[PDB]
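Listed next as structure tokens is one chain, alone, in the form deposited in one PDB entry.
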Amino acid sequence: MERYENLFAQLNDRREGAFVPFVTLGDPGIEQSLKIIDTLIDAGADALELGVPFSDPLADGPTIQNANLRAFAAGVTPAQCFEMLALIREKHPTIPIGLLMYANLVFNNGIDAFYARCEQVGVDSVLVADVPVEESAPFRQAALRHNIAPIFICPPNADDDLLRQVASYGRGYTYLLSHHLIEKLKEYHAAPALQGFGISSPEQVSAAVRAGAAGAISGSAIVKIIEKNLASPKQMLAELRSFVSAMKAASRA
């Protein structure tokens, strides 16, 4: 499988950017999370980024911290997350699926076994939030051994050595935080950039693509709709549908 490569080729042919929602698996419960994810796809998500609930999500802001708490309240475990992942891939064969993980969950039962499990359920990439590229060797090697793309954050202040490492070591896409970085990354033959952090409106999706990124990632904006509508799951899905449709439209040529 080369699902990211295939997606970007297809999007390029359509002069289109990717829109990529971030949600927490199992927020606010297993069955509703599965429905949420199907809704995001049916509204035009090009790829998914999916979080596994973790006790101490250091790199996440209040919205996503709350999503993890909701998932824990539902008794969601990583094992249950992997069952969900298998079911999602089974429903949707081509959409790239990326995980946002913390190191302890990857290291816990053995790094190789974690990536093997990702391969078995049909995941495409893993971003390990608290592994900097300087210490990523065992993670990216295991990822690549199991046909998983290791994803790295490229900070807006990244120096030249960091740009070169990210361009060399990452695959699938480069996670770019919110035009110079974009051009350097292209120069160093990095995986295509997706811009993430604080993307909450169509205008920002369009701006990311115009700057030369291959697409945009949105999480807080999407999870806020979940939080807003906890009492009304049916309306939750309608609001998710209209928001994703609008955001996806903004990426179109």
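Rigid core (definition): largest C-alpha set, two forms, superposition within 1.5 Å. Counting begins at 1, following the sequence as shown. Only residues modelled in both forms are compared.
As for the form deposited in another entry, it is not shown, yet the points below apply to it.
### Query
Where among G212, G61, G29, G44 does the Cα move by 2 Å or more between this form and the one not shown after the core is superposed?
The listed residue whose C-alpha shifts by at least 2 Å is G61.
### Task
Classify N108 as shifted (yes) or not shifted (no) between this form and the one not shown, where shifted means its C-alpha moves by 2 Å or more with the rigid core superposed.
True for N108: a C-alpha shift of 2 Å or more.
#### Entry: Relative Cα spacing, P57 and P138, in that other deposited form - shift of 3 Å or more
Relative to the shown form, the pair is farther apart.
### Query
Given that the distance between the C-alpha atoms of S55 and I199 changes by 3 Å or more in that other deposited form, do they end up closer or farther than here?
Closer, not farther.
### Task
Give me the stretches of at least three consecutive residues whose Cα atoms move by 2 Å or more between this form and the one not shown once the core is superposed.
55-61, 106-108 are the stretches that move between this form and the one not shown.
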